[PDB]
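Source file: target.txt; contents: compact mmCIF, C-alpha atoms (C1' of nucleotides).
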# COMPACT_ATOMS: atom_id res chain seq x y z
CA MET N 1 -9.48 -27.69 52.35
CA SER N 2 -12.55 -26.26 54.11
CA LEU N 3 -13.20 -22.50 54.12
CA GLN N 4 -14.88 -20.95 57.14
CA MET N 5 -15.97 -17.39 57.94
CA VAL N 6 -14.68 -15.83 61.19
CA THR N 7 -16.23 -13.17 63.40
CA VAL N 8 -14.05 -10.71 65.29
CA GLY N 9 -14.33 -8.99 68.67
CA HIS N 10 -14.17 -5.34 69.61
CA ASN N 11 -10.54 -4.79 68.56
CA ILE N 12 -10.86 -5.93 64.94
CA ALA N 13 -9.31 -2.65 63.82
CA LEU N 14 -5.91 -3.96 64.94
CA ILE N 15 -5.66 -6.45 62.06
CA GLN N 16 -4.08 -4.92 58.96
CA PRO N 17 -2.27 -6.07 55.84
CA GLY N 18 1.33 -6.90 56.72
CA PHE N 19 0.57 -8.51 60.12
CA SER N 20 2.22 -11.74 61.28
CA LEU N 21 1.18 -14.77 63.31
CA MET N 22 3.57 -16.83 65.42
CA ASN N 23 2.78 -20.24 66.88
CA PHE N 24 4.18 -21.42 70.24
CA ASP N 25 3.16 -24.90 71.36
CA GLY N 26 -0.09 -24.80 69.44
CA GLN N 27 -1.03 -21.33 70.72
CA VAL N 28 -1.26 -18.63 68.03
CA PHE N 29 -0.23 -15.03 68.54
CA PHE N 30 -0.69 -11.86 66.51
CA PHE N 31 1.92 -9.15 65.95
CA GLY N 32 2.11 -5.98 63.88
CA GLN N 33 -1.05 -4.16 64.95
CA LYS N 34 -2.14 -1.07 63.11
CA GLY N 35 -1.17 2.08 64.94
CA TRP N 36 1.15 2.38 67.89
CA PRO N 37 0.27 0.18 70.87
CA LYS N 38 -2.31 1.67 73.27
CA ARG N 39 -2.79 1.40 77.03
CA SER N 40 -5.11 -1.59 76.48
CA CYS N 41 -2.13 -3.59 75.18
CA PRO N 42 1.27 -1.86 75.45
CA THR N 43 3.23 -4.62 73.73
CA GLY N 44 1.39 -4.84 70.44
CA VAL N 45 1.38 -8.64 70.89
CA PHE N 46 -1.90 -10.55 71.26
CA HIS N 47 -3.15 -14.01 72.02
CA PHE N 48 -4.98 -14.82 68.77
CA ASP N 49 -7.60 -17.48 69.61
CA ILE N 50 -10.42 -18.68 67.34
CA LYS N 51 -13.20 -20.52 69.23
CA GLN N 52 -16.25 -21.67 67.26
CA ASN N 53 -15.36 -19.39 64.32
CA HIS N 54 -15.02 -16.35 66.65
CA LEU N 55 -11.64 -14.61 66.90
CA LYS N 56 -10.60 -12.90 70.13
CA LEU N 57 -7.41 -10.86 70.43
CA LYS N 58 -6.29 -10.78 74.04
CA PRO N 59 -3.30 -8.69 75.15
CA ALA N 60 -0.06 -10.52 75.98
CA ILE N 61 2.62 -9.20 78.34
CA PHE N 62 6.41 -8.93 78.11
CA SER N 63 9.03 -9.98 80.61
CA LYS N 64 10.97 -7.42 82.63
CA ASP N 65 14.04 -7.90 80.42
CA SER N 66 12.20 -7.42 77.11
CA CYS N 67 12.40 -4.92 74.32
CA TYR N 68 9.14 -3.24 73.35
CA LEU N 69 9.52 -3.61 69.60
CA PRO N 70 7.45 -1.27 67.41
CA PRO N 71 4.64 -2.79 65.33
CA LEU N 72 6.05 -3.99 62.05
CA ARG N 73 4.38 -4.50 58.70
CA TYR N 74 5.84 -6.97 56.19
CA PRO N 75 8.82 -7.93 58.35
CA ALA N 76 10.84 -11.03 57.58
CA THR N 77 10.03 -13.79 60.05
CA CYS N 78 11.17 -17.33 60.74
CA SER N 79 11.04 -19.98 63.43
CA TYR N 80 14.18 -21.13 65.31
CA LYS N 81 14.90 -24.39 67.21
CA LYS N 82 14.02 -23.49 73.31
CA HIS N 83 11.73 -22.51 70.34
CA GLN N 84 11.84 -18.82 69.31
CA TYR N 85 10.84 -16.43 66.51
CA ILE N 86 13.06 -14.21 64.40
CA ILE N 87 11.65 -10.90 63.18
CA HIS N 88 13.82 -8.74 60.96
CA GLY N 89 12.98 -5.51 59.20
CA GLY N 90 9.55 -4.18 58.31
CA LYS N 91 7.81 -0.82 58.29
CA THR N 92 6.97 0.97 61.57
CA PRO N 93 3.83 3.01 62.20
CA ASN N 94 5.87 6.10 61.24
CA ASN N 95 6.77 4.53 57.87
CA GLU N 96 10.44 4.13 58.78
CA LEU N 97 12.16 0.86 57.90
CA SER N 98 14.01 -0.96 60.72
CA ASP N 99 17.39 -2.61 60.36
CA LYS N 100 16.92 -4.24 63.79
CA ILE N 101 16.26 -7.91 64.46
CA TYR N 102 14.05 -9.06 67.32
CA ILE N 103 13.73 -12.45 68.95
CA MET N 104 10.49 -13.59 70.53
CA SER N 105 10.46 -16.47 73.01
CA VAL N 106 8.20 -17.71 75.79
CA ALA N 107 9.56 -16.44 79.11
CA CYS N 108 6.87 -17.83 81.42
CA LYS N 109 3.66 -19.82 80.86
CA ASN N 110 1.87 -19.73 84.19
CA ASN N 111 -1.66 -21.13 84.29
CA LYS N 112 -1.93 -20.95 80.47
CA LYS N 113 -1.06 -17.21 80.42
CA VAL N 114 2.09 -16.55 78.40
CA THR N 115 4.71 -13.92 79.15
CA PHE N 116 7.01 -13.15 76.25
CA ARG N 117 10.66 -12.22 75.99
CA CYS N 118 11.43 -9.85 73.12
CA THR N 119 15.20 -9.36 72.81
CA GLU N 120 16.93 -7.14 70.27
CA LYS N 121 19.98 -8.64 68.57
CA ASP N 122 22.71 -6.27 67.47
CA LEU N 123 24.11 -7.06 64.05
CA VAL N 124 27.63 -6.28 62.82
CA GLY N 125 29.59 -7.05 59.71
CA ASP N 126 27.63 -6.86 56.46
CA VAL N 127 24.35 -5.68 57.99
CA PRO N 128 21.50 -5.70 55.43
CA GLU N 129 19.99 -2.24 54.77
CA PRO N 130 16.50 -1.73 56.27
CA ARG N 131 13.95 -3.68 54.25
CA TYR N 132 10.47 -4.96 54.07
CA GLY N 133 8.96 -7.82 52.12
CA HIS N 134 12.09 -9.98 52.31
CA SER N 135 12.71 -13.52 53.56
CA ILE N 136 14.73 -15.01 56.40
CA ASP N 137 14.98 -18.70 57.26
CA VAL N 138 17.27 -20.98 59.30
CA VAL N 139 19.49 -23.62 57.69
CA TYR N 140 21.31 -26.45 59.41
CA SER N 141 24.61 -27.63 57.95
CA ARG N 142 27.29 -29.76 59.60
CA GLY N 143 25.67 -29.51 63.02
CA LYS N 144 25.73 -25.71 62.83
CA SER N 145 22.81 -23.30 62.39
CA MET N 146 22.82 -20.18 60.21
CA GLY N 147 20.28 -17.57 59.10
CA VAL N 148 19.64 -16.91 55.40
CA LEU N 149 18.13 -13.52 54.44
CA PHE N 150 17.24 -12.45 50.93
CA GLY N 151 15.29 -9.86 49.01
CA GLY N 152 12.81 -7.10 49.75
CA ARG N 153 12.51 -3.36 49.11
CA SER N 154 13.77 -0.16 50.67
CA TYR N 155 13.80 3.57 50.17
CA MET N 156 16.34 5.28 47.97
CA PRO N 157 19.81 5.75 49.47
CA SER N 158 20.31 9.00 51.39
CA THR N 159 22.25 10.44 48.46
CA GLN N 160 19.59 10.02 45.74
CA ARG N 161 16.43 10.27 47.85
CA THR N 162 14.42 13.48 47.19
CA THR N 163 11.24 14.75 48.91
CA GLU N 164 9.10 14.69 45.76
CA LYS N 165 9.69 10.92 45.60
CA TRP N 166 10.39 10.43 49.33
CA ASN N 167 8.34 7.24 49.55
CA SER N 168 9.63 5.63 46.36
CA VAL N 169 11.06 2.15 46.91
CA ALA N 170 13.43 -0.10 45.04
CA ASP N 171 14.25 -3.77 45.24
CA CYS N 172 17.33 -4.52 47.30
CA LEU N 173 20.38 -5.95 45.57
CA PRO N 174 19.98 -9.78 45.48
CA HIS N 175 22.73 -10.64 47.94
CA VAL N 176 22.18 -13.55 50.24
CA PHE N 177 22.97 -12.73 53.85
CA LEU N 178 24.29 -15.36 56.21
CA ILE N 179 23.49 -14.27 59.76
CA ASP N 180 24.99 -15.85 62.88
CA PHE N 181 22.66 -15.12 65.79
CA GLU N 182 25.18 -16.64 68.19
CA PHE N 183 27.77 -13.96 67.42
CA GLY N 184 25.53 -11.25 66.03
CA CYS N 185 27.30 -11.06 62.70
CA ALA N 186 26.28 -10.86 59.05
CA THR N 187 28.08 -11.74 55.81
CA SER N 188 26.94 -10.86 52.29
CA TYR N 189 27.33 -13.20 49.32
CA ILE N 190 26.86 -12.12 45.71
CA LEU N 191 25.71 -15.01 43.52
CA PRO N 192 25.70 -14.91 39.70
CA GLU N 193 22.40 -16.81 39.50
CA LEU N 194 20.52 -14.06 41.38
CA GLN N 195 20.79 -11.15 38.94
CA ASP N 196 17.52 -9.30 39.69
CA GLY N 197 15.92 -8.03 42.88
CA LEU N 198 12.97 -9.83 44.36
CA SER N 199 10.39 -9.14 47.04
CA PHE N 200 7.19 -10.63 48.48
CA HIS N 201 8.43 -14.11 47.47
CA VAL N 202 7.99 -17.41 49.37
CA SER N 203 10.87 -19.21 51.10
CA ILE N 204 10.97 -22.88 52.15
CA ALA N 205 13.81 -24.07 54.40
CA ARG N 206 14.88 -27.70 54.67
CA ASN N 207 18.11 -28.82 56.25
CA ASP N 208 20.90 -26.94 54.48
CA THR N 209 18.80 -25.43 51.68
CA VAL N 210 16.32 -22.61 51.15
CA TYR N 211 14.11 -22.55 48.08
CA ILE N 212 12.93 -19.19 46.72
CA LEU N 213 9.56 -19.08 44.94
CA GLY N 214 7.72 -16.45 42.95
CA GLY N 215 7.92 -12.91 44.19
CA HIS N 216 7.82 -9.63 42.35
CA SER N 217 10.63 -7.65 40.77
CA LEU N 218 9.99 -3.89 40.67
CA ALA N 219 12.44 -2.85 37.95
CA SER N 220 11.01 -5.28 35.41
CA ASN N 221 7.57 -5.18 37.06
CA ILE N 222 7.43 -8.96 36.54
CA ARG N 223 6.36 -11.80 38.84
CA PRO N 224 8.82 -14.37 37.50
CA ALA N 225 8.05 -18.08 37.27
CA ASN N 226 11.47 -19.11 38.59
CA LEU N 227 12.42 -21.42 41.42
CA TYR N 228 15.83 -20.99 43.03
CA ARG N 229 17.59 -23.44 45.34
CA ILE N 230 20.19 -21.91 47.65
CA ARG N 231 22.39 -24.44 49.43
CA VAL N 232 24.68 -23.55 52.33
CA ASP N 233 27.51 -25.69 53.67
CA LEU N 234 29.19 -24.66 56.93
CA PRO N 235 32.60 -26.39 57.13
CA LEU N 236 34.05 -25.01 60.36
CA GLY N 237 34.48 -21.26 60.18
CA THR N 238 34.37 -20.91 56.35
CA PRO N 239 30.77 -20.87 55.05
CA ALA N 240 29.92 -21.56 51.40
CA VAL N 241 26.77 -20.68 49.43
CA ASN N 242 25.72 -22.04 46.03
CA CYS N 243 22.59 -21.32 43.99
CA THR N 244 20.88 -23.41 41.29
CA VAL N 245 17.98 -22.50 39.00
CA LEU N 246 15.36 -25.26 38.81
CA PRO N 247 12.64 -25.11 36.13
CA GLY N 248 9.00 -25.46 37.10
CA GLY N 249 8.71 -22.42 39.35
CA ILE N 250 5.36 -20.86 40.14
CA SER N 251 4.80 -17.19 39.32
CA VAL N 252 3.25 -15.62 42.42
CA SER N 253 3.84 -12.66 44.70
CA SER N 254 2.51 -12.29 48.24
CA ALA N 255 1.46 -15.96 48.46
CA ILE N 256 0.98 -17.63 51.85
CA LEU N 257 2.73 -20.84 52.91
CA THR N 258 1.68 -23.45 55.44
CA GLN N 259 3.07 -26.80 56.48
CA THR N 260 0.62 -29.68 56.27
CA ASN N 261 3.10 -32.43 56.98
CA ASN N 262 6.83 -32.84 57.23
CA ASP N 263 8.33 -32.43 53.75
CA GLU N 264 4.95 -31.26 52.36
CA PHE N 265 3.75 -27.64 52.23
CA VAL N 266 0.76 -25.90 50.66
CA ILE N 267 0.98 -22.58 48.82
CA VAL N 268 -2.31 -20.69 48.67
CA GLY N 269 -3.28 -17.20 47.62
CA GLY N 270 -1.33 -14.31 46.15
CA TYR N 271 -1.28 -12.42 42.86
CA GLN N 272 -0.41 -13.65 39.35
CA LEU N 273 -0.85 -10.19 37.78
CA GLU N 274 -1.51 -6.73 39.18
CA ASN N 275 -5.25 -7.07 38.47
CA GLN N 276 -5.46 -10.87 38.72
CA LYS N 277 -5.35 -13.10 41.78
CA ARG N 278 -3.90 -16.58 42.01
CA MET N 279 -7.03 -18.58 42.75
CA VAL N 280 -5.26 -21.93 42.30
CA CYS N 281 -3.30 -23.70 45.03
CA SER N 282 -0.03 -25.61 44.96
CA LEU N 283 1.37 -28.55 46.92
CA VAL N 284 5.13 -28.73 47.40
CA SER N 285 6.64 -32.07 48.41
CA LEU N 286 10.27 -32.06 49.53
CA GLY N 287 13.03 -34.60 48.90
CA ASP N 288 16.56 -34.51 50.34
CA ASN N 289 17.74 -33.20 46.94
CA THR N 290 14.46 -32.81 45.04
CA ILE N 291 11.48 -30.49 45.25
CA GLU N 292 8.13 -31.17 43.60
CA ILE N 293 5.44 -28.61 42.77
CA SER N 294 2.00 -30.01 41.93
CA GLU N 295 -1.28 -28.26 41.27
CA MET N 296 -3.96 -29.14 43.80
CA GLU N 297 -7.74 -28.82 43.88
CA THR N 298 -8.79 -25.17 44.14
CA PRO N 299 -10.91 -24.48 47.24
CA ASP N 300 -14.57 -23.51 47.16
CA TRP N 301 -14.04 -19.76 47.14
CA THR N 302 -17.06 -17.58 47.85
CA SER N 303 -18.07 -14.86 45.42
CA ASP N 304 -16.71 -12.18 47.75
CA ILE N 305 -13.26 -13.75 47.57
CA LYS N 306 -13.49 -14.34 43.81
CA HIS N 307 -14.33 -10.71 43.13
CA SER N 308 -12.04 -9.08 45.71
CA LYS N 309 -9.15 -7.19 44.22
CA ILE N 310 -6.83 -7.68 47.23
CA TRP N 311 -6.54 -10.35 49.88
CA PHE N 312 -4.04 -10.74 52.68
CA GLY N 313 -3.25 -13.36 55.26
CA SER N 314 -0.88 -15.35 57.43
CA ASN N 315 -0.13 -18.95 58.33
CA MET N 316 -1.61 -20.02 61.65
CA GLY N 317 0.75 -23.00 61.86
CA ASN N 318 -1.59 -25.99 62.15
CA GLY N 319 -1.97 -26.24 58.39
CA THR N 320 -4.59 -23.47 58.60
CA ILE N 321 -4.37 -20.02 57.07
CA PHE N 322 -6.08 -16.83 58.26
CA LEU N 323 -7.30 -14.79 55.25
CA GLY N 324 -8.86 -11.38 54.75
CA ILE N 325 -10.55 -9.19 52.14
CA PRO N 326 -12.00 -5.67 52.28
CA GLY N 327 -15.69 -4.88 51.80
CA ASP N 328 -17.60 -1.63 51.17
CA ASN N 329 -21.38 -0.85 51.05
CA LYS N 330 -22.99 -0.12 54.45
CA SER N 331 -20.17 -2.70 55.76
CA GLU N 332 -17.23 -3.98 57.79
CA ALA N 333 -13.73 -2.76 56.96
CA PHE N 334 -12.43 -6.35 56.61
CA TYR N 335 -13.96 -9.85 56.35
CA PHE N 336 -11.87 -12.83 57.53
CA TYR N 337 -11.81 -16.57 56.76
CA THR N 338 -9.87 -19.65 57.91
CA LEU N 339 -8.79 -22.15 55.27
CA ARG N 340 -7.89 -25.57 56.70
CA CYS N 341 -5.81 -28.37 55.15
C1' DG G 1 -8.31 1.91 91.48
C1' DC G 2 -10.13 1.30 83.48
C1' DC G 3 -10.09 2.10 78.31
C1' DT G 4 -12.12 3.78 74.56
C1' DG G 5 -15.09 4.14 70.67
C1' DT G 6 -20.05 5.32 69.87
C1' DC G 7 -23.75 8.10 70.51
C1' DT G 8 -26.27 12.24 71.46
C1' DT G 9 -27.59 16.53 71.27
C1' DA G 10 -25.94 21.50 73.21
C1' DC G 11 -24.01 25.37 70.83
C1' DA G 12 -22.21 28.78 67.89
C1' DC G 13 -22.00 30.60 63.64
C1' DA G 14 -22.50 30.67 58.65
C1' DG G 15 -24.78 32.98 55.48
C1' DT G 16 -29.46 33.63 53.20
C1' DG G 17 -32.86 37.76 51.23
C1' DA G 18 -35.02 41.41 53.47
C1' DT G 19 -34.79 45.50 55.93
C1' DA G 20 -33.45 49.69 58.82
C1' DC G 21 -30.35 53.19 59.59
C1' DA G 22 -26.49 56.47 58.72
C1' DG G 23 -23.66 59.08 55.69
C1' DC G 24 -23.31 61.10 51.26
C1' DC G 25 -22.92 65.63 48.26
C1' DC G 26 -25.39 69.05 47.80
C1' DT G 27 -28.68 73.84 47.73
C1' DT G 28 -29.76 79.03 48.87
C1' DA G 29 -25.69 84.08 49.64
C1' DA G 30 -21.50 86.11 50.85
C1' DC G 31 -16.91 86.78 52.13
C1' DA G 32 -12.62 85.89 50.79
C1' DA G 33 -8.12 83.21 50.78
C1' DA G 34 -4.94 81.33 47.68
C1' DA G 35 -3.11 82.23 43.45

What is this structure when it is put down as structure tokens?
Amino acid sequence: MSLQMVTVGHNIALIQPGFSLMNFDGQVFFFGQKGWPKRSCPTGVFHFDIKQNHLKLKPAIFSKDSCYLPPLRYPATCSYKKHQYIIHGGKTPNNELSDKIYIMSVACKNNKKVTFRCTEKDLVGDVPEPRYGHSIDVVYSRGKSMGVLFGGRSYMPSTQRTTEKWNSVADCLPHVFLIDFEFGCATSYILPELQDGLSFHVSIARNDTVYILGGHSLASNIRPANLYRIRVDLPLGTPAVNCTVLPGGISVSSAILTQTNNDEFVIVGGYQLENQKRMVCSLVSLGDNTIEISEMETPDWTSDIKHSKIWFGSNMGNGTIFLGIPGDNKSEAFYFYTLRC
DNA sequence: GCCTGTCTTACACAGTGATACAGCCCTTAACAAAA
């Protein structure tokens, strides 16, 4: 794992905590810019290309049949296999939470210049309340595909919300949501094993299962060291969901996850306590019914990283993470690194 | 047939202690109006 500093072009201000990166056919893209999109890039979607440790953000265009989704911070994202990206929830530049779900796909790649399709999917049934900091992944069971959504935070319900605490947030009830994108429907499942709310956790999806790692629970103000396996079977039109607690769970919120090889993932970064950062790294190796979490060699962090109180980042896709920390003195607002695996 | 920060001074005015100017109630006698 080699750490490398990155320089940024004129529009560095766009990058903020809560941003996301999506990878299409090796090409990386950036979404969730700070502020509302400007004339320079009306979509809020950017080619995110790092050449010789220099990062350029170049505006990307939408197809004629696209939505223009608002920039979203801490939305739930996953990748769907004809490869597309699912974005659900998040905070908008006006601090509202969206209940909408957007789908990003490549509409046209002409002479290495990508046009995107952003389509909004209506959701009916048990729609999950607007959220941020929650997970969504795709499971495959019995030749059928289903979305699994869990966790996050939201504002108080319209009945109890008051202007003195107008921005107060609470964890959502820990109901797993099965989401059929084909029909646009959502079903909620209460499980006894998920008693507490959880947000900013990590989710790993393999076949018919999603594992839930770390995260932070507001009510207890704990980052629990639990690992949850959630299995989904889809026999015809009657889905079934079952959860199992598995000991050996890491305790981490806001960690970043990257795939280094099939059935092996690396977990880097995050927070172990409010004032402490998780400097260690984990390797997760997947079996068809087993999951293994092993400590790995901690990278050669610089002193700036070691002493930073906050860091934020995203997975670039090619086993490489894009990281960031703030700096004061004279000078830059943010300093960015790329950690390879 | 551009966008959009950064940079640079123009510009007005704030607000200092000093200073110039106007307005203050009188000061001589006498009538006298209200009470």

TODO: Starting from chain N, keep only residues with some atom at most 10 Å from an atom of chain G, counting all atoms listed in the file, and report them as a VMD selection string.
DONE: chain N and resid 10 38 to 40

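As for CA of residue 76 in chain N and CA of residue 91 in chain N, they are spaced 10.7 Å apart.
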
- [ ] Figure out the distance between CA of residue 108 in chain N and CA of residue 259 in chain N, please, to one decimal in Å.
- [x] 26.8 Å

At most 8 Å from (19.9, -21.2, 59.6), file frame, only C-alpha atoms (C1' of nucleotides): which residues, as a PDB file with C-alpha atoms, keeping the file's coordinate frame?
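part_17.pdb, freshly written:
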ATOM      1  CA  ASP N 137      14.980 -18.700  57.260  1.00  0.00           C
ATOM      2  CA  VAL N 138      17.270 -20.980  59.300  1.00  0.00           C
ATOM      3  CA  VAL N 139      19.490 -23.620  57.690  1.00  0.00           C
ATOM      4  CA  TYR N 140      21.310 -26.450  59.410  1.00  0.00           C
ATOM      5  CA  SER N 145      22.810 -23.300  62.390  1.00  0.00           C
ATOM      6  CA  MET N 146      22.820 -20.180  60.210  1.00  0.00           C
ATOM      7  CA  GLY N 147      20.280 -17.570  59.100  1.00  0.00           C
ATOM      8  CA  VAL N 148      19.640 -16.910  55.400  1.00  0.00           C
ATOM      9  CA  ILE N 179      23.490 -14.270  59.760  1.00  0.00           C
ATOM     10  CA  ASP N 208      20.900 -26.940  54.480  1.00  0.00           C
TER      11      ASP N 208
END

TODO: Find the distance between CA of residue 319 in chain N and CA of residue 177 in chain N and write it in Å to one decimal.
DONE: 28.7 Å

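Close contacts of residue 133 in chain N, defined as residues with an atom at most 7 Å away when counting only C-alpha atoms (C1' of nucleotides), with chain neighbours fewer than 2 positions off set aside, comprise residues 74, 75, 76, 131, 135, 152, 153, 199 and 200 of chain N.
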
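All protein, DNA and RNA residues at most 7 Å from (2.6, -8.2, 79.0) are residues 43, 60, 61, 62, 63 and 115 of chain N, using all atoms listed in the file.
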
Around range 6-9 of chain G, with edges along x, y and z and 4 Å added on all six sides, what centre and edge lengths do you get, in Å to one decimal, as JSON?
{"center_x": -23.8, "center_y": 10.9, "center_z": 70.7, "size_x": 15.5, "size_y": 19.2, "size_z": 9.6}

TODO: Identify which of the residues N:96, N:274, N:193, N:328 lies closest to residue 226 in chain N, counting all atoms listed in the file when measuring atom-to-atom distances.
DONE: N:193

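If you measure from each of N:315, N:116, N:227, N:287 to residue 244 in chain N using all atoms listed in the file, the closest one turns out to be N:227.
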
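Closest approach to residue 42 in chain N from the set N:248, N:17, N:26, N:71 is made by N:71, with distances taken over only C-alpha atoms.
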
Task: Residue neighbourhood residue 257 in chain N, 10 Å, all atoms listed in the file, exclusion window fewer than 3 positions, as number ranges by chain - done: N: 202-204, 254, 260, 265-269, 282-284, 313-317, 319-321

Save C-alpha atoms of range 124-183 of chain N from the block above as a compact mmCIF listing (two decimals), in the first residue's frame.
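Written file, selection.txt:
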# COMPACT_ATOMS: atom_id res chain seq x y z
CA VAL N 124 -43.83 2.94 -3.94
CA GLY N 125 -44.78 0.60 -1.15
CA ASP N 126 -42.69 0.92 2.02
CA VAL N 127 -40.56 3.85 0.85
CA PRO N 128 -37.70 4.58 3.29
CA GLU N 129 -37.86 8.06 4.87
CA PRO N 130 -35.23 10.52 3.55
CA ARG N 131 -31.82 9.60 4.93
CA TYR N 132 -28.15 10.14 4.73
CA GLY N 133 -25.25 7.97 5.81
CA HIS N 134 -27.04 4.69 5.05
CA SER N 135 -26.14 1.70 2.88
CA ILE N 136 -27.62 0.17 -0.25
CA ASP N 137 -26.27 -2.88 -2.09
CA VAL N 138 -27.54 -5.40 -4.67
CA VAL N 139 -28.05 -9.08 -3.84
CA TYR N 140 -28.60 -11.93 -6.27
CA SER N 141 -30.76 -14.84 -5.16
CA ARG N 142 -32.37 -17.53 -7.33
CA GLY N 143 -31.53 -15.73 -10.55
CA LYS N 144 -33.29 -12.58 -9.32
CA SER N 145 -31.77 -9.26 -8.25
CA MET N 146 -32.90 -7.15 -5.29
CA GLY N 147 -31.71 -4.00 -3.52
CA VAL N 148 -30.94 -4.02 0.21
CA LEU N 149 -31.03 -0.67 2.06
CA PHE N 150 -30.25 -0.18 5.72
CA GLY N 151 -29.46 2.48 8.27
CA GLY N 152 -28.64 6.17 8.31
CA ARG N 153 -30.00 9.32 9.96
CA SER N 154 -32.78 11.81 9.35
CA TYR N 155 -34.44 14.83 10.86
CA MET N 156 -37.15 14.53 13.47
CA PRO N 157 -40.63 13.64 12.17
CA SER N 158 -42.81 16.61 11.23
CA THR N 159 -44.78 16.19 14.45
CA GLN N 160 -41.88 16.45 16.93
CA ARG N 161 -39.50 18.69 14.96
CA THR N 162 -39.11 22.19 16.47
CA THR N 163 -37.12 25.19 15.14
CA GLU N 164 -34.79 25.41 18.14
CA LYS N 165 -33.56 21.90 17.26
CA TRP N 166 -34.46 22.04 13.54
CA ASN N 167 -31.24 20.38 12.44
CA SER N 168 -31.20 17.64 15.07
CA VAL N 169 -30.94 14.15 13.58
CA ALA N 170 -31.74 10.67 14.78
CA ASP N 171 -30.81 7.22 13.57
CA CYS N 172 -33.46 5.61 11.41
CA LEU N 173 -35.25 2.53 12.69
CA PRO N 174 -33.14 -0.54 11.71
CA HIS N 175 -35.50 -1.99 9.14
CA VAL N 176 -34.01 -3.63 6.11
CA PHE N 177 -35.57 -2.45 2.88
CA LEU N 178 -35.85 -4.74 -0.11
CA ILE N 179 -36.12 -2.58 -3.23
CA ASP N 180 -37.15 -3.88 -6.65
CA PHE N 181 -35.83 -1.46 -9.26
CA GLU N 182 -37.68 -3.36 -11.97
CA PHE N 183 -41.08 -2.53 -10.47
